[PDB]
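# Geometric and topological summary
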Amino acid sequence: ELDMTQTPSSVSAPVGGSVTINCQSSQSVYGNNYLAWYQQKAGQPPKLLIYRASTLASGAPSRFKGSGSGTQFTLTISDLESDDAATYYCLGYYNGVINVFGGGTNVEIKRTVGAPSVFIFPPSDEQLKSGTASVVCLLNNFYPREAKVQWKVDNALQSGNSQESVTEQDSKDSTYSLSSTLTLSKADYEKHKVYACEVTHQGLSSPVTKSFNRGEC
Amino acid sequence: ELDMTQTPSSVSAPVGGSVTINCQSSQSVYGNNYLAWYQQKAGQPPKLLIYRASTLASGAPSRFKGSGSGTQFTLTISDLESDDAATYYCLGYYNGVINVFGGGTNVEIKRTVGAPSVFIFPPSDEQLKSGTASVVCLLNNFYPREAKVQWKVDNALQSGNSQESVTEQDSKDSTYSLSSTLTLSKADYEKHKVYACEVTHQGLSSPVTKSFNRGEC
Amino acid sequence: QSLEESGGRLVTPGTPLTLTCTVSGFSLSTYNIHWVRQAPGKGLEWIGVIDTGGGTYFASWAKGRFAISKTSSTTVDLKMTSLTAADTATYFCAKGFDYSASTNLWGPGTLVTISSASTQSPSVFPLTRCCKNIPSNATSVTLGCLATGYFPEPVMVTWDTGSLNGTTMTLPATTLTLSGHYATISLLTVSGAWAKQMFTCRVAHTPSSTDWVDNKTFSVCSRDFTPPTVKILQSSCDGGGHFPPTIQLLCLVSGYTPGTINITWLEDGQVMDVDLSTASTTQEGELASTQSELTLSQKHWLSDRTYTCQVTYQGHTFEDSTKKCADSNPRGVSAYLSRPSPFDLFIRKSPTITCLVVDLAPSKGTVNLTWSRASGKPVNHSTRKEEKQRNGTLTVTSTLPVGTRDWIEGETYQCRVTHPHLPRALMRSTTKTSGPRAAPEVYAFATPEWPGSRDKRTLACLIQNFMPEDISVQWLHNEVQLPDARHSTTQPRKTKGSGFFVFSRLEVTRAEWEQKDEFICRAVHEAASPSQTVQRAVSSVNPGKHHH
Amino acid sequence: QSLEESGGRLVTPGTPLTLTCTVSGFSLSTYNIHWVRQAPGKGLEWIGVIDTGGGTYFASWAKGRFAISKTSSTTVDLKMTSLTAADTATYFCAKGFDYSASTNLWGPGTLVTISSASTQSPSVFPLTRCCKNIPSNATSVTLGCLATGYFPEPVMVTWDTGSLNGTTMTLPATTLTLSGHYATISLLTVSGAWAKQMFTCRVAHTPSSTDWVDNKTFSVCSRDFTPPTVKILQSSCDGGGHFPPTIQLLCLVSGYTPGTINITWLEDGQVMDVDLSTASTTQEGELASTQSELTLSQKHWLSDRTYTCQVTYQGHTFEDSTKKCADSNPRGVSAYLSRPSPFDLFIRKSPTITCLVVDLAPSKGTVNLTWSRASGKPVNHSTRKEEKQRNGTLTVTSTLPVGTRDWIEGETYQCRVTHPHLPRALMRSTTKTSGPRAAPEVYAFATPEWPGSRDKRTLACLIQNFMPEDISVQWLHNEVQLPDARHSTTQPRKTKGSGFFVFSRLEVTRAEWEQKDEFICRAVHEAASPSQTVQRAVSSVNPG
Amino acid sequence: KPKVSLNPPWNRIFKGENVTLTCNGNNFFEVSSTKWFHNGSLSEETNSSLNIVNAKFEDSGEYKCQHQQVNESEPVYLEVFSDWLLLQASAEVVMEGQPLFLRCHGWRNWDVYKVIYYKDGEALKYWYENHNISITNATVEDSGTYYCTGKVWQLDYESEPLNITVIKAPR
Ligand SMILES: *[C@@H]1O[C@H](CO)[C@@H](O[C@@H]2O[C@H](CO)[C@@H](O[C@@H]3O[C@H](CO[C@H]4O[C@H](CO)[C@@H](O)[C@H](O)[C@@H]4O)[C@@H](O)[C@H](O[C@H]4O[C@H](CO)[C@@H](O)[C@H](O)[C@@H]4O)[C@@H]3O)[C@H](O)[C@H]2NC(C)=O)[C@H](O)[C@H]1NC(C)=O
Ligand SMILES: *[C@@H]1O[C@H](CO)[C@@H](O[C@@H]2O[C@H](CO)[C@@H](O[C@H]3O[C@H](CO[C@H]4O[C@H](CO)[C@@H](O)[C@H](O)[C@@H]4O)[C@@H](O)[C@H](O[C@H]4O[C@H](CO)[C@@H](O)[C@H](O)[C@@H]4O)[C@@H]3O)[C@H](O)[C@H]2NC(C)=O)[C@H](O)[C@H]1NC(C)=O
Ligand SMILES: *[C@@H]1O[C@H](CO)[C@@H](O[C@@H]2O[C@H](CO)[C@@H](O[C@@H]3O[C@H](CO[C@H]4O[C@H](CO)[C@@H](O)[C@H](O)[C@@H]4O)[C@@H](O)[C@H](O)[C@@H]3O)[C@H](O)[C@H]2NC(C)=O)[C@H](O)[C@H]1NC(C)=O
Ligand SMILES: *[C@@H]1O[C@H](CO)[C@@H](O[C@@H]2O[C@H](CO)[C@@H](O[C@@H]3O[C@H](CO[C@H]4O[C@H](CO)[C@@H](O)[C@H](O)[C@@H]4O)[C@@H](O)[C@H](O)[C@@H]3O)[C@H](O)[C@H]2NC(C)=O)[C@H](O)[C@H]1NC(C)=O
Ligand SMILES: *[C@@H]1O[C@H](CO)[C@@H](O[C@@H]2O[C@H](CO)[C@@H](O[C@@H]3O[C@H](CO)[C@@H](O)[C@H](O)[C@@H]3O)[C@H](O)[C@H]2NC(C)=O)[C@H](O)[C@H]1NC(C)=O
Ligand SMILES: *[C@@H]1O[C@H](CO)[C@@H](O[C@@H]2O[C@H](CO)[C@@H](O)[C@H](O)[C@H]2NC(C)=O)[C@H](O)[C@H]1NC(C)=O
Ligand SMILES: *[C@@H]1O[C@H](CO)[C@@H](O)[C@H](O)[C@H]1NC(C)=O
Ligand SMILES: *[C@@H]1O[C@H](CO)[C@@H](O)[C@H](O)[C@H]1NC(C)=O
Ligand SMILES: *[C@@H]1O[C@H](CO)[C@@H](O)[C@H](O)[C@H]1NC(C)=O
Ligand SMILES: *[C@@H]1O[C@H](CO)[C@@H](O)[C@H](O)[C@H]1NC(C)=O
């Protein structure tokens, strides 16, 4: 019935900036301060930053500040670092023992440009007895996120047969890692010779290409 | 008009026996003894044995005996040797100066049995440039004359493509010599591999085969 | 002082599920336990709380489907009923100071999947770069494993680097677009003496089994050699077009870097005895050349059998193929449909049927392959493999799981084959045999010892007078069921009176009978009693007690 | 004191001829001269006589065609006219004491031929044996010369032996049956250092010219006339039977004494361009090996042209040829050809093979079925049989009895079928295996009693590890072989290692084992020793 | 009345095949327009020849034509099959002495081998390749249920049977 409205759903600020995340409640919380602020990254449980709407949790840095009362609550993150890019939540506790989470807010941190390191992996012979061939292109330690991967099989641009897996933003250098897997069959792999991965990134002046030949390794 | 019959045309006796050759004339000879007996071998002029129907010629042995008178005359050859195997003739001289030869009588000696020495000759390379191949089987120094030569070309018996040459009886050891020539075309000679000559003779307990494979000389 | 969640797995919709939060360090008589879930791509969502007294309080959307219980002093159970696909989530348990879920101590979460696909084990393959593209001065190197084709999430990859240090990066999974299965990579970056170091990845898939562990052990190179080329030459027919009485096959392995090499000839894929063929290797300069000669009868050549030249060189396989040549090669599509084996029905208790479609011409487009039941009841999801063959055709295999009770009560299953280039649909059907029943007789025998067969013996088994014809025979030795490939089994034939028979032949080695001389021939058959199996043991010692 | 004839020569019919009898030692004013002729293969025949006064008298058949004249004190001429082929004869002149021709002094005779064929010079070829068939010791050796293809008679052969005394003998001539020409073989037997000695035959042919002289010079031995073995190998079509864009042909000249060699390719008998093929040569020990690779377009191969590998080694030509294969079902017909059963071969000792041809049309015109061996030796008659089938097709079956020994030594037998509607003849061939031999193992077992089946038992026989796969199995009870319908045997399948196995199954009744409880499983197999038969009996008894 | 002609004559075709129905009679009235009747429903074609391109299963059934005369034409029936081998035939009912052609036809010009025709169970004729029995006359014993066994792309296929019956030309 009752609502926790977390605004905005996404906010962006560079290193040294500040973000403000507001939670508005339809009904006032239990004893007008029972709200928490949590930080959660990918694959991890959420970590408590604020409990009782102003009190800093143990281990949380002092740059996270919480404020507000009643229905209106605000988390302000000043002095922004590259570690702080995560999804942030608020938790309202109510009468009748009801805990309602907030909608969530993604925080995006603008940091320095890193070029990807490109590696190409031919499929191994144990997959070459199963009738499938997967060629792997790896983009390592790049900032920012936006990069384009193109597959060239005998200089022909592939479409509909490649899939990309991207990691979360890292906790020590805040770069990204990408992989594109090119999936082909037995006969489509052995009818072609040269296999190229072309990577376009804004840290690169030209799209870099790593290639190999089938059987000439 | 007048006839002079020599009987038999062929007579056979072994070594140490005797043969009788009779000549009967339709008209009696001039002065009832003018008849001669001649011995002729192959490639030679006839040699006089008897003249005047009983008188031995000079150089003839005493074992040749002529007899007879009028129309009926007889040569007897007792104590027969292997040299005496020849063709014997009777010559009648008549009134009106008429000389009539007899029909001839072949005298066949049985002497000791010699097995043939078999040799086989492939055709030479100068014949192989001419489109014809002649394969030679030689049977050397045998007695008696009766022998059989069979040609085997890839174990198939040949018929109609071989010819035999037989020498006269020798003046020293009284043996015979034979050759069989198998005549083939160049396309037929190069389509077959093994070439065999099989010799059957009365002095051989088994037919002896001399063979050659194409080349391997 | 920590918390950990367990019990998250793949179940069907409607299946109840129990998770266990195991705590350590604190007491549940002082602290409460919160339960929070989170779908993939969605934020956090509170489920419930149990207090120290055992009272459970939930959210508004729970509606009694969730129950929390204190089972021991360290474990708290959460039970779910009425699960649909919206409950596919990572579940966290938390140590609550009060009824508010404002806390700093959380567990890592466990993952619950509600879907309707097959549980598939991952296929793990090494990922090494091209060593010609790997520089020689490379102080560090990046390597990996691909764990693909599994369903569902998760797998976990650890790394054995030996004495070297290694940074391990595991990327998130991608759903494969054709199959729906998942695929992960794990990358390991090492430094130092990596060129002689032997690296292992350990991939575990707890939805398959708890102790499903795959170790892929590999070194980091892919430089091999200069590649040989294989070609096969053959005898000519003569000037009249007629075959010679024997056929020579010459397998030529052209110029390669010298090394150990093996040649196997195959007749329709089956290994031939090495005595009927020769092989020769020569070396000219720095390069080797290999030839292999095979002799065949004219009859075998005219019987249209396919022969394969198999080259094994430095742990890499090369191959070439041949069959009797032809001016024109017509072929049409054919289809075969099996019944489940008794072993799968009654021992494994997981029967399947297979529709195998062979000799199709690889035209444009995929071939339509549909399963159906005459009753109109639903079929399970099937699996489909398409494989290009040595003789140039494409063979498609579809395997359908069938219900055990469904099969036993006489259901008829249909395989329907459609394709645009087909004239009409190809139709196959299969069903339990409508004949009566009769149990197998089993007799096992050993051949005697005689010269030349001291350390290798032939064992035999006769199975007879059973009806109907569908039977599975296996051999068991020392509490392991031996592989099917170890023995040979004839096709069922009719007995003179009533019923069928089969023969099985198993060659055994000295080490096996010295290990245990008891060998059991076992037949699985629908008419067997009381549990659809019959078995007999034999000892091959069979001692010569003359006149008893 | 001798006489000699001259002037005998080949002349045409109607040509007058003059012979001259030259005498020595005696006077023609004292002695008469007789003329006598002799046809080849016939007897002597008196022609005439001239006396001392010049009066000539002739035989009754002469009719004035012959004339004798005294030309000088030593020569007497015989003029002979109106000649036909019956006057082809050897002519003798004789010193007659009186008008009778009873005399001991005759000339050697001269040869007069009346013929109508072309004058041909002889072709002279050496006749040497094979030097591997000539032994190493071989104290005397015999060699020869063949002077063939000449017309007419005669040739004369003399011999140059070098330093050897030698024996020569010249055989009489044979008329060639195809051409009408003559051929002689003159042989020479030598001894001593014949292996290094160069021998020469002089063949002279005075019918060609008076100084036609052919001295032919050769040795007994050289090296082998080395016959380098030609074989043609070809490209593969692939595993689906499809042809590749080009065809490689490989001509192999394997294991020969080294020397000059040339390889030419023909496409339907015409020489192809030199750049279309490449040849290479290697040597191993003594033996050389040569190869040549020819590239053909797919279209040319499929056009059914004949490709010939022409090998010229030391000036002599060796050949092999090829064309596109015939794929054994020209009109959809099938033909099958079996091997003998081992039971028929080794027990009954009357092996047979059977050729079966199916799916022929039932039209008119009888099929032509012929049997043959690759060696050309004879085959027997067979049981030719035709019958129309219920599906409207016609099958022809033939069964040929074959020799037991003939089969065991590896003969190949060929079944040949020609039908008027078929475009070409269809062939099937069968032969003994080229693989190894391994005798079968025989094991025989009796089942124990099963509850409820008191009056029946099953016997099982295992036959294994034999090579080759052809085998017969029989069961015997009370020394007589049981009918084949009583027992069931599987088809041969490979074991795990070497060889094949089969199982045999025989259900028996209580009456049979109470009559005799011993039953024999017998296998007949070609590798079994000593009589291709190995058996094992079994009883349904206990040790007790 | 006009009559309806078929090009090709065969009233049994394969799916996907073409065919053209022409319909003409004596020219007592001049040919201006024609009417077509698939099953009884009037077709939207006026011209005397109706084309039938790419047959579907619904193209089966009773056919008829008409001109500006009073009374209609006969009920020709057109069966359409999808299968491997259709033993096509000239006419379903025949009268003595007109030609009868048989054809064991295979899908999309494909070549059927080892072809055998059956008349009433027994094997009438067999040929290696596909063949074209042509009996110019028709006895009253020729009436039978026909079918053909064939081999298309090495596999065996039997055609659906077709009953054919001859009748006597007096009365
Ligand atoms: C009834 O009888 C006829 C026999 O006459 C059968 O086939 C006819 O085939 C011709 C040949 O194709 C069709 O004519 C035209 O075909 C064009 C495509 O082929 C041509 O063009 C390419 C290059 O573009 C060349 O390589 C090729 O060799 C040809 O020269 C079409 O583009 C034409 O235009 C329209 O047709 C298509 C049909 O799908 C439409 O979808 C388009 O929108 C376009 O407007 C043209 O059709 C001819 O049409 C065929 N006849 C019929 C009636 O279709 C029929 O198959 C047969 N019916 C059966 C067996 O059911
Ligand atoms: C004019 O009148 C006509 C006759 O009155 C009408 O013709 C009839 O049309 C229907 C539908 O068009 C025909 O039914 C056919 O289609 C269905 C579905 O097809 C599927 O099954 C087939 C099995 O043969 C497959 O081959 C297909 O690829 C597809 O998967 C089938 O149920 C029918 O099969 C049955 O009938 C045939 C004989 O026709 C048998 O061989 C089968 O074994 C099965 O028994 C048909 O294929 C219907 O057959 C047809 N009537 C006749 C007599 O042929 C027509 O609709 C009408 N036109 C208009 C415009 O009104
Ligand atoms: C029936 O078969 C006909 C084959 O001849 C099909 O063709 C013709 O189609 C045209 C246009 O659709 C019709 O033309 C119409 O009628 C008249 C006549 O014009 C025709 O003749 C002149 C010469 O006299 C020529 O120059 C034209 O090009 C036309 O061919 C005109 O008023 C118009 O052109 C008008 O378009 C024809 O009438 C028609 N021919 C016949 C004989 O009907 C016709 O498509 C088929 N009918 C179908 C499929 O329904
Ligand atoms: C084989 O092919 C023929 C055509 O190619 C078929 O046609 C003709 O059929 C008649 C049938 O009898 C043959 O006989 C002639 O008949 C006519 C007229 O028939 C009269 O008699 C019958 C019998 O009572 C009666 O029913 C009729 O109405 C007539 O009154 C006579 O005038 C002749 O004398 C003759 O007998 C024809 O010979 C035949 N023609 C040819 C060219 O063969 C024939 O029917 C076919 N046969 C079968 C079995 O199908
Ligand atoms: C035999 O069976 C065929 C069906 O296969 C019946 O149809 C006729 O077949 C012939 C030859 O296939 C057609 O002849 C045509 O000749 C021209 C000129 O050579 C060529 O351009 C065509 O492609 C075709 O070969 C004929 O038109 C066709 N007739 C019909 C009405 O379809 C045939 O009636 C059967 N009987 C006989 C006696 O041929
Ligand atoms: C169409 O069929 C009808 C069938 O009744 C024909 O009717 C004719 O009617 C007249 C008048 O009674 C009769 O004298 C005739 O015997 C009927 N039959 C025939 C065959 O003419 C009608 O004429 C037919 N139309 C045409 C054009 O033939
Ligand atoms: C361990 O890693 C460091 C980088 O963090 C690298 O420089 C070092 O050489 C590595 N040591 C070994 C033994 O590989
Ligand atoms: C993989 O390696 C680990 C580390 O020793 C070991 O515990 C585990 O049993 C191995 N698994 C397999 C399947 O070899
Ligand atoms: C031919 O050989 C004979 C035999 O010795 C010899 O006398 C003669 O001179 C030779 N001919 C020539 C032309 O040298
Ligand atoms: C030459 O004469 C002697 C004398 O007996 C003899 O031994 C030798 O064999 C003769 N040579 C030939 C070749 O006959």
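Residues numbered from 1 in each chain as written, not as in the entry; some residues may be left out. Chains lettered and ligands numbered in written order. Heavy atoms only, no water.

As documented in the archive entry, the model was determined using cryo-EM at 8.4 Å resolution.

### Examining the environment of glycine 61 of chain E
All names here are of chain E. Operational definition: By definition, any uninterrupted DSSP run of H or I lasting at least four residues is a helix, any uninterrupted run of E lasting at least two residues is a strand, and each is numbered from the N terminus. Summary of the burial criterion: residues with accessible area below 20% of their type's maximum are buried, those above 50% are exposed, and those between are partly exposed, where the area comes from a 1.4 Å probe applied to protein chains only. Contacts are assigned to residue pairs that have any heavy atoms within 4.5 Å of one another.
For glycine 61, the position within the fold is in strand β7 (residues 61-66). With a relative accessible area of 12%, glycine 61 lands in the buried category. With 14 residues separating them along the chain, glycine 61 and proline 75 place their C-alpha atoms 9.6 Å apart. When neighbours within four sequence positions are excluded, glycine 61 is seen to be in contact with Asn39, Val76, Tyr77 and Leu78.

### Some points on the domain arrangement of chain A
Residue and element names in this part refer to chain A. Rules: An automatic or database domain assignment supplies the start and end points of every domain. The term buried area denotes the loss of accessible surface (1.4 Å probe radius) that occurs when two parts are joined, taken as the sum for both partners. Salt bridges are identified by distance alone: a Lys or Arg side-chain nitrogen within 4 Å of an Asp or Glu carboxyl oxygen. For this analysis, a polar contact is any N or O atom pair within 3.5 Å, provided that within protein one partner can donate a hydrogen and the other can accept it, and provided that sequence-adjacent residues contribute only side-chain to side-chain pairs. Throughout, the ten residues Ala, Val, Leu, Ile, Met, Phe, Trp, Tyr, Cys and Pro are labelled nonpolar, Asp, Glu, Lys and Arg are labelled charged, and all others, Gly among them, are labelled polar.
Structurally, chain A comprises domain 1 (1-111) and domain 2 (112-214). The straight-line distance from the C-alpha centre of domain 1 to that of domain 2 is 38 Å. With 8 residues of domain 1 at the contact, the number on the domain 2 side is 10 residues. Between domain 1 and domain 2, roughly 780 Å² of surface is buried when both sides are summed, and carbon and sulfur atoms account for 34% of that area. Where domain 1 meets domain 2, there are 0 salt bridges. The tally of links from domain 1 across to domain 2 stands at 5 residue pairs in polar contact. Each residue belonging to the side of domain 1 that touches domain 2 can be placed in one class, and the counts come to 3 nonpolar, 1 polar and 4 charged.

### Side note on the state of the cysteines
Here, disulfide denotes a covalent bond that connects the sulfur atoms of two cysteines. Just so we agree on the cut-off: What counts as a disulfide here is a pair of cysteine sulfur atoms lying within 2.5 Å.
Taken as a whole and judged by the stated rule, the model has 22 disulfides over all chains. For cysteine 217 of chain A, the disulfide goes to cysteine 130 of chain C, at an S-S distance of 2.0 Å. Sign of the S-S torsion, about 140 degrees for the bond between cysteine 217 of chain A and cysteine 130 of chain C, identifies this disulfide as right-handed. Of this pair, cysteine 217 of chain A sits in the segment after β19 (208-213) while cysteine 130 of chain C is found in the loop between β11 (123-127) and β12 (140-150), placing the two residues in two different chains. Disulfide pairing places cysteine 21 of chain D opposite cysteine 93 of chain D at an S-S distance of 2.0 Å. Residues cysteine 21 of chain D and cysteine 93 of chain D are joined by a disulfide whose S-S torsion is about 65 degrees; by sign, that bridge is right-handed. In this pair, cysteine 21 of chain D sits in strand β2 (residues 17-24) while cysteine 93 of chain D sits in strand β8 (residues 89-96), placing the two residues 72 residues apart along the sequence. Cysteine 21 of chain D sits in the buried class, given a relative accessible area of 0%.

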